[PDB]
Amino acid sequence: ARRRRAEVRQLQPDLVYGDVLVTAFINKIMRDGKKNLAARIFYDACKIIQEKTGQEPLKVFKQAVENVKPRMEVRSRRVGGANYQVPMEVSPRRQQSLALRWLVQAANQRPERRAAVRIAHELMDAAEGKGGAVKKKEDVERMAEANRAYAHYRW
Amino acid sequence: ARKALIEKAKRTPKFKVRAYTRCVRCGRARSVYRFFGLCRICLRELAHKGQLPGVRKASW
Amino acid sequence: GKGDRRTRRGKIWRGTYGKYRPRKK
Amino acid sequence: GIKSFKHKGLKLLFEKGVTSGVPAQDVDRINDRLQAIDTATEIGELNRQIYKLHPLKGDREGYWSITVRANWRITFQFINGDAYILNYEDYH
Amino acid sequence: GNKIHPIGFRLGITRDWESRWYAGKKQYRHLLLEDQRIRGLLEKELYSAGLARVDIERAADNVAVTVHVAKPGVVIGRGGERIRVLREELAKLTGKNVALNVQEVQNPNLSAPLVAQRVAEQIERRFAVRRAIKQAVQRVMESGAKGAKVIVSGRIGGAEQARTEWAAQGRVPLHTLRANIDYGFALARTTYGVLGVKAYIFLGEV
Amino acid sequence: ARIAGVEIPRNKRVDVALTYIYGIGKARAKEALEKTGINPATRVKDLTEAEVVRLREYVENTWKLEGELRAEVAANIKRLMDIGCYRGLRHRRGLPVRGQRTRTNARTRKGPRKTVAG
RNA sequence: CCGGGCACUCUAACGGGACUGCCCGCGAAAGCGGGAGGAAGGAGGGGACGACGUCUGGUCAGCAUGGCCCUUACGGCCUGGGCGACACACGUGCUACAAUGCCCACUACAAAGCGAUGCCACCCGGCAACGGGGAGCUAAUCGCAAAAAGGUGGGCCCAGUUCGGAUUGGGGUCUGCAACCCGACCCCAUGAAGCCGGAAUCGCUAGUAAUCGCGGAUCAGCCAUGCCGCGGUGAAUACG
RNA sequence: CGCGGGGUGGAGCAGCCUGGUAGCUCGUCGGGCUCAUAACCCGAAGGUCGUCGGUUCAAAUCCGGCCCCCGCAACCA
RNA sequence: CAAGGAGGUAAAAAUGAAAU
Ligand SMILES: [Mg+2]
Ligand SMILES: [Mg+2]
Ligand SMILES: [Mg+2]
Ligand SMILES: [Mg+2]
Ligand SMILES: [Mg+2]
Ligand SMILES: [Mg+2]
Ligand SMILES: [Mg+2]
Ligand SMILES: [Mg+2]
Ligand SMILES: [Mg+2]
Ligand SMILES: [Mg+2]
Ligand SMILES: [Mg+2]
Ligand SMILES: [Mg+2]
Ligand SMILES: [Mg+2]
Ligand SMILES: [Zn+2]
């Protein structure tokens, strides 16, 4: 019954960058608890960003996250055996989490061969507003758009 | 088959592989520790009794 | 290939050694 | 006629006459009910007062149960003049 | 229910051992079997003494054995028998230094094994168990105890129906470690079966 | 190149291309090209015809392989035809040869499930 | 490795160390929020500990035991068989369907434990299992063990494929009186099903889940992928 | 016996006329949900088309002969 | 600042089990 509001977990800043965000992204890359392979892939992809574009990956990655941020999402709620879906706003914590999660997932959805090039490209596509994650973001906002009827149920 | 069966367990002749362990306090053939010569059941009994030198509850 | 008897990895998992996993040096 | 056994004690008692599967004071009782379940051509014949016959309910539907003694039941399935899955079970 | 043996629960701090010797492997097994056969042989022809403990100590062929008894009446002055061959019959499968001592347990009403054994005798005397429990507790409580508790379980007064008679005065905290709680148990053999008597005796600590 | 009974594997490393023959596997593969003295990492694409001839001549001879040894293997099972042993009956019933568990599993010899129900 | 030294690390024996005691705010109190205080805090993180009683719960196959029954036998010995049977159904799992992946080579970094009726260094034969030797070790001395995931290099290039290892043929080794039914490995060759799972269903809130190997009990051997422990790397999220 | 309609999985019904595909509901069998049953959800299996002949490359289907089932008819004396 | 009285009231969800 959540007596404690569960305090927000804080991370360690990365190497060379100091991000309070990049490490969170590396973590999503991480599988089976191998931060070595995870971090390597991201920094690898950072080197890949430099090639296809003359931009610093610290902004390319930053803007990509900003473009894959759900303004509002759909929430299933009350009365009628939980029949309604109230479109709710998204907390900065949750926009944060969804952005990075959808990025990595869409990144591994790509037909490319190497994990680094998937990350790099999906970030470049998302920075422009083209990524498959941006599709996911825009999709979730469609659902939230179509439910404005009983949005006044709010909460 | 229990009395004549704790006989064989100490008799131990005829081929070396036919010989087997067996709790002494009981007659148990399973879970017999070589260290005490006892089954896991008897061992627990005596450990609570205090009749097992050094043997003490494990908490960590 | 943790179950293939022809790998250093499967030989680890099985425990035993052999040609596909020599006893060091 | 009996055709199948789910209890090994009952099975040996009726087949070989081995009484070391049942209670010693319930050997004559268990015998005369099994023979009556054997000669039974229809479940209606297993209707004597002393058996307290009755079909079970729930997940035990399709099963019958005459009483040997106390809280002990001989449960079975009677179909086409034959009994199957003869079990000597405590009604719990 | 399910509760751990209040003796084993201590062992380390509070309540020391009962067989205090050290050995490595290849020896522990043999010496423990001998040790237990001593306890087994003693219990038989020494029950009339009512022995609270059977402490045992060793030091390479030394085997010391301390028998705690309420009333050591069965020792009778040196060559008055009841000790001579009696402490010498141990070495018929031992052959080692059968050093048998005798202790005088002062108050038997504060020795848990003795309490339970007195109760278990009364069950076999066909006594009224509930009244026997009550008295034994008060008897223990009468001899200065800080808390007591006796438990007989099963087949009380014969009669087809296993029961459990319960009585306890004062304080008996089993969960506490600094407890000094003596635990005893006894089998009452009856013509209608077997029932067990637990006895808890408690004193202060800190 | 039609090495034994097969020819299929083109541009894909001779130590690997060799594997595509019933009788070669992996050990006999590099064993054959070190004994014939050919580079394992080659193209397989019809390289030096001489290396291919030597390879073919050694491999196709030496040990039995392809359809010939399939016949021998099948004949070794036909050994336990006649009035054969227990191991033959396991080849007869279609059940596992090495006395394993057949109460469950053993689907690789029994085949897919049939389901009786009762 | 020696001389020598033992301050560091470690070993294991007793101790100190926070009690929201101190600051602000709230309150009648208890207490709650917040803050320098320090390794640590408002039960620090885990253990052992399971009230009166409930389930005619479980256990006569650990053992004890009332009653009933068996005694040239329901007891006793032995060889052999069986518990391992298989048209099927369910539970708990192991290994996978691959490229944050597989193979080969090189090269690091643990803890907790077990061993002289054994652990077996180092040589020798052997593709290997393993066998001949044979040193040290009553073992923080010698040995089991090189930890593995990791790193470096190189090779496959996404195809049932260097994924996956089932099944089967052959050849061997070791324990054991003996391994057909029914043992574990080693080597050659076969290389299946599987390309990620219907209705449903489980676990975990911080060293945690996931993932990686290591030890032990039982044990001649072993069907252990099990159970009980050890450490390595190490997430996500909690509005409510 | 005079006309008309009908026999198809276990039950009830389609498909025939415009020959090459036999389909529907219930039931059965497997798996789920529940302490359990029912209900519910997932996934399956199941039909010599009454029978004896004929036509045709090919018959549930078109043509005959029987065999049951149902329905109409049997009037004037 | 402390409610007395008036009114819109959940859905789909049935059964029992085998001596006192
Ligand atoms: Mg088998
Ligand atoms: Mg299955
Ligand atoms: Mg407590
Ligand atoms: Mg019961
Ligand atoms: Mg018994
Ligand atoms: Mg079994
Ligand atoms: Mg396939
Ligand atoms: Mg694929
Ligand atoms: Mg929790
Ligand atoms: Mg069903
Ligand atoms: Mg149901
Ligand atoms: Mg007219
Ligand atoms: Mg009804
Ligand atoms: Zn025992």
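Residues numbered from 1 in each chain as written, not as in the entry; some residues may be left out. Chains lettered and ligands numbered in written order. Part of a larger assembly, values for the part shown. Heavy atoms only, no water.

Method of determination, as annotated in the archive: X-ray crystallography, at 3.6000 Å resolution.

### A word on the domain arrangement of chain F
Residues and elements named next belong to chain F. The assigned domain composition of chain F is domain 1 (1-71) and domain 2 (72-118). Centre-to-centre separation of domain 1 and domain 2, based on C-alpha positions: 33 Å. On the domain 2 side, the residues contacting the five residues of domain 1 number four residues. When the two sides are added together, the surface that domain 1 and domain 2 hide from each other amounts to roughly 340 Å², 42% of it contributed by carbon and sulfur. On the surface where domain 1 and domain 2 come into contact, there are one salt bridge. (Domains from an automatic or database assignment. Contact = heavy atoms within 4.5 Å. Buried area = accessible area lost by both parts, 1.4 Å probe. Salt bridge = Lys/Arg side-chain N within 4 Å of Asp/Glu carboxyl O.)

### Notes on the nonpolar core
Grouped together as the largest cluster of nonpolar side chains are 33 residues, with contacts concentrated most on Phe25(A), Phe42(A), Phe61(A), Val68(A), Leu100(A), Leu103(A) and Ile119(A). When residues of this core are traced back to their parent elements, those giving at least two are α1 (22-29), α2 (35-52), α3 (57-67), α4 (92-109), α5 (115-128) and α6 (132-146) of chain A. The element best represented in this core is α4(A), accounting for eight residues. Ranked by size, the runner-up nonpolar core spans 23 residues in total, among them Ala112(E), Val119(E), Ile156(E) and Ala188(E). (Core = buried A, V, L, I, M, F, W, Y, C linked by side-chain atoms within 4.5 Å. Buried < 20%, exposed > 50% of the residue type's maximum accessible area, 1.4 Å probe, protein only. Helix = DSSP H or I, 4+ residues; strand = E, 2+ residues; numbered from the N terminus.)

### Description of the arrangement of the chains
Of all two pairs of chains in contact, the one with the most contacts involves chains B and E. If you take every C-alpha in chain A and every C-alpha in chain C, the smallest gap between them is 17 Å, and the two do not touch. Between chain C and chain E there is no contact, and the shortest C-alpha to C-alpha distance separating them is 29 Å.

### Some thoughts on the interface of chain E and chain B
Listed by partner, the interface residues are 16 residues for chain E and 19 residues for chain B. Both sides of the chain E and chain B interface together cover about 1,700 Å² of buried area, and 62% of this is carbon and sulfur. Taken as a group, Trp17(E), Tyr28(E) and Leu32(E) account for 32% of the area that chain E buries against chain B, more than any other trio of residues on that side. Our count for the contact surface shared by chain E and chain B stands at zero salt bridges.

### Re the environment of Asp61(E)
Considering the arrangement of structural elements, one finds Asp61(E) in the loop between β2 (51-57) and β3 (64-69). Here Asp61(E) is in contact with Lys96(E) and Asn97(E), once residues within four sequence places are set aside.

### Topic: the sheet that holds β2(E)
All names here are of chain E. Read across the sheet, four strands follow the order β1-β2-β3-β4 without closing on themselves; strand pairing throughout is mixed. Looking along the sheet, the strands with just one partner apiece sit at the ends: β1 (19-20) and β4 (99-104). Bridge count between β2 and β3: six bridges; the pairing is antiparallel. Paired with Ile56 across the strands is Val65, a residue of β3. Packing against the sheet, helix α1 (residues 28-44) makes contact with β1, β2, β3 and β4, and its axis sits at approximately 150° to β2. (Pairing = 2+ DSSP bridges. Axes fitted to C-alpha atoms, helices over the stretch in contact; angles between N-to-C directions.)

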